[PDB]
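Participant: Chains from the complex, first installment, not repositioned:
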Amino acid sequence: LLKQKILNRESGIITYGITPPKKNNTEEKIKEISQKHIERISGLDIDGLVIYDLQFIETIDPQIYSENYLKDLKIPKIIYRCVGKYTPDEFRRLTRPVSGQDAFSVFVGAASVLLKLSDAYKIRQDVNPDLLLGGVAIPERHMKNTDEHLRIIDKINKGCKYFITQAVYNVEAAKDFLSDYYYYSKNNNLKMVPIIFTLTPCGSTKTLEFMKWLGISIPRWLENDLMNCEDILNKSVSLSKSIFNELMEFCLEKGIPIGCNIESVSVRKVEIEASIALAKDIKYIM
C-alpha cells in the first residue's frame, strides 16, 4: 500500500509518527509504553508508522524498537537515521538488504559527526538501491534563500522518493515551498514526489521545549498564550488542521501529491490522545 503510493507518486499517503522511549527505563516500562503505542495506533487507518531517531535523551534504536517491540503492528515502519551517529561500517551493515522484506527509511543529516549525509546517500546507492528512501524538508528554511525546493531536488537526485517535513506551523512558508517546487519541476520537465506534511500537536511547555530542541518553532502568539497559562493543545490541533486543509487545496489545484504524517512527541496522555484523534480526523479529510 505505502510502497505503491510512493512508487506511483500518489496523493493520500498518511502516516503516524512516534519517538521510541529512553534506554534508561526498566525493561518493564518499555513493554508497557510499547503496548500502549500498539493499542492506540492499531486503532488507526494509516499507511505506515514513522519511527524517529535523535542525535539527556538517548532513545531505543528505531529499528530495534520496531523489530523487538512493535511487531504486533502490521504496517510498514519508516525508520529514521541520524546518519552522523553511525560509523560508516555500522551504516553499511544497517543498510544491507534483508531477504524477503521491504525497507523504508529517512536519512537525516546534521542539525548544526562520524558520517556525513552525502556519504550516507552513496553508501545506500552501493548496498541497497531498493531501500525506499525519503528526505527531511524544512519549509521554514525556504524563507531564508528560496532554495529548499532546490535542496529537495538534489535529494531526489541522490535517491529520495518522498519527503517528510518537520512539523508545519506556518502555511505561507509551506505554500511558498510547494510553489517553488511545483514551478521548478514544471519548468525542468520533472515528475513530482509525495510531499508528506507532518502535524504535531503541542499542549504543554514540556512538549514545546522538546519541539524547540528538534528545531520546531510554534507561532509567537501561540507560545504567548502558553506562557500566560492557557491550554493551547486544542488550538494546536485546530491550527494544524487549518494549515493542512489549505495545503491540500493548494495541492489539488496543481496536482502536487501530498501526504500527512501525524507526529506524537509528548509523554502526556492527553496530548497523545490528541495526536491519535488528529490522525483519525486527517484520514476523514483526505
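Facilitator: Here it is on my side, so go on. Numbers count the residues shown, from 1 in each chain, chains lettered A, B, ... in the order given.
Participant: I'd like the distance between residue A:189 and residue A:232.
Facilitator: With distances taken as C-beta to C-beta, to the nearest Å, residue A:189 is found 44 Å from residue A:232. In short, each C-beta sits where N, CA and C put it, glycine included.
Participant: Looking at the two, which one has more neighbours?
Facilitator: residue A:232 (22 against 6; other C-beta atoms under 10 Å).
Participant: got a list of what that one touches?
Facilitator: Under the criterion of C-beta atoms under 8 Å, 6 or more residues apart in numbering, the contact list for residue A:232 reads A:202-203, A:222, A:225-226.
Participant: run the last query once more with 10 Å
Facilitator: Contacts for residue A:232 (C-beta atoms under 10 Å, 6 or more residues apart in numbering) come out as A:201-205, A:207-208, A:218, A:222-226, A:239.
Participant: Residue A:122 too?
Facilitator: A:158-159.
Participant: what about it, helix or strand, and which?
Facilitator: Using DSSP states H and E, residue A:122 sits in helix A:117-127.
Participant: and if you look at residue A:153?
Facilitator: Assigned by DSSP H and E, residue A:153 belongs to helix A:148-157.
Participant: After that helix, heading C-terminal, what element do we hit next?
Facilitator: strand A:162-165.
Participant: three-state assignment of the nearest residue to residue A:191 once chain neighbours are set aside?
Facilitator: Leaving aside its chain neighbours, residue A:191 sits nearest to residue A:9 (6.3 Å; criterion: C-beta to C-beta, 6 or more residues apart in numbering). Using DSSP: H, G, I helix; E, B strand; the rest coil, the structure places residue A:9 in coil.
Participant: Could you do the one 3 residues further on as well?
Facilitator: Under the three-state scheme (three-state DSSP), residue A:12 adopts coil.
Participant: onto the same structure, chain B please:
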Amino acid sequence: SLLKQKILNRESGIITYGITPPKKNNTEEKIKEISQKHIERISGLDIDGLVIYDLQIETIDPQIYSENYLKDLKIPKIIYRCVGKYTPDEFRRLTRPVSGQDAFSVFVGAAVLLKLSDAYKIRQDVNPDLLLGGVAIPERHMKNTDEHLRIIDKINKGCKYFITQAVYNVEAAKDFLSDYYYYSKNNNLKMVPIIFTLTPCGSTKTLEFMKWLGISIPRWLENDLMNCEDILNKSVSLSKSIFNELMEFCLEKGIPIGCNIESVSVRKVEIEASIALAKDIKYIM
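Facilitator: To build on what is shown above, here is chain B added in:
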C-alpha cells in the same frame, strides 16, 4: 486541430502529413496548380497538422508557402527552419508571435549564419509560446548510443516534441525509444511525443533526394530497385510494419507516439501511395 492539445497533453496519436514546398523557379500559376493538387489530396485526410519542410535546389519559404497558398487547408502547419540560412535578426522577425494564433516550428541545425543553440535562445526571448520541436535521428543512436541524450537536451532548450527523419530500421528506433524511456524513468523526467516519419520510396529519383536529406533505405530494398523492380509497395509495407512494431512497443511502456507521413516525390504514383499510407496509419491508430 487537436494538435496543440495533444502536444501539451503529451498524448499519443499525433498524426501529420509532410510536404516540401515546390521549387522557387516555377511560375505563380504553376505554384498555384501544385498548391491546388496539395490542398485537393490533403483535405481528404484526417490529420492533426501539415508539416512543411525547409531545405538548407531552392524551394519556397515554408511559412510563406503555408500562409499565401495553403489558407484553404483548415489545419495547423508545422514550419521547419534550417536555422543556419537565417541571420540572427531575420530569425527574431520570423519568430515573433502573431496575435490570436498558435505557431508550430521545428528548428533544424547543420548537417551557417545562426547556431542552433542561439536559435533556441532567440525563441526563449522572442516567443516562449512557440510550440517547438526537434529532429531526432534514430540511425545515429547506433554510433554512440546518445541520441536519447541529444533529445533530452533539446527538451531542456524548449522542445516539446520530436519528429524523426524517415524510419527504415525498427531496431535503431526501438533502441532509441528504449534508452529514452529508461533514462526518463531514472532521472524523473516526463516524456514528450516522438513522432516517427514514414516516407515511401518509389524510384531512384526519390531515393537520391532522400539520400541528399541524409536518409537511407535498407540495402536489400535498394538492391531490388537497382535491379529494376518496383519497390514502392514494399517501402510502404515495410514502413507500416515498422510503425506497428513501434506503436506496440510504445503502448506497452506508455511512450507517447505519433506519426508523420512524408511525401517527398514529384511522381503522382508515389504521392498517391503517401496519401493512402496517411489514411492507413490513421485507421491503425
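Participant: again for the contacts of residue A:232, since chain B is there now?
Facilitator: Shown in contact with residue A:232 (C-beta atoms under 10 Å, 6 or more residues apart in numbering or on different chains): A:201-205, A:207-208, A:218, A:222-226, A:239.
Participant: Helices - which of those land there?
Facilitator: Counting by DSSP state H, the contacts of residue A:232 place A:205, A:207-208, A:222-226, A:239 in helices.
Participant: what ranges do the helices span in the stretch 1-150 of chain A?
Facilitator: With DSSP state H, counting those that start in this stretch, the ranges of helices along the stretch 1-150 of chain A come out as A:2-7, A:27-42, A:62-69, A:88-95, A:117-127, A:142-145, A:148-157.
Participant: Make CSV from those and add distance to residue A:269 to it.
Facilitator: Output for these, formatted as CSV (distance: least, C-beta to C-beta, whole Å):
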stretch, distance to residue A:269
helix A:2-7, 28
helix A:27-42, 9
helix A:62-69, 20
helix A:88-95, 33
helix A:117-127, 36
helix A:142-145, 35
helix A:148-157, 35
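Participant: what's the closest of these to chain B?
Facilitator: Among the helices of the stretch 1-150 of chain A, helix A:148-157 comes nearest to chain B, with 6.2 Å by C-beta to the nearest C-beta.
Participant: And that closest one, what's buried?
Facilitator: Neighbour counts over helix A:148-157 (16 or more other C-beta atoms under 10 Å in any protein chain shown) mark A:148-149, A:151-153, A:155-156 as buried.
Participant: Over to stretch A:96-111?
Facilitator: Within stretch A:96-111, the residues that count as buried by 16+ other C-beta under 10 Å are A:103-109.
Participant: can you give me the end-to-end distance of that stretch?
Facilitator: Length of stretch A:96-111, first residue to last, C-alpha to C-alpha, to the nearest Å: 26 Å.
Participant: separation between residue A:275 and residue A:120?
Facilitator: Remark: distance between residue A:275 and residue A:120 (C-beta to C-beta) = 29 Å.
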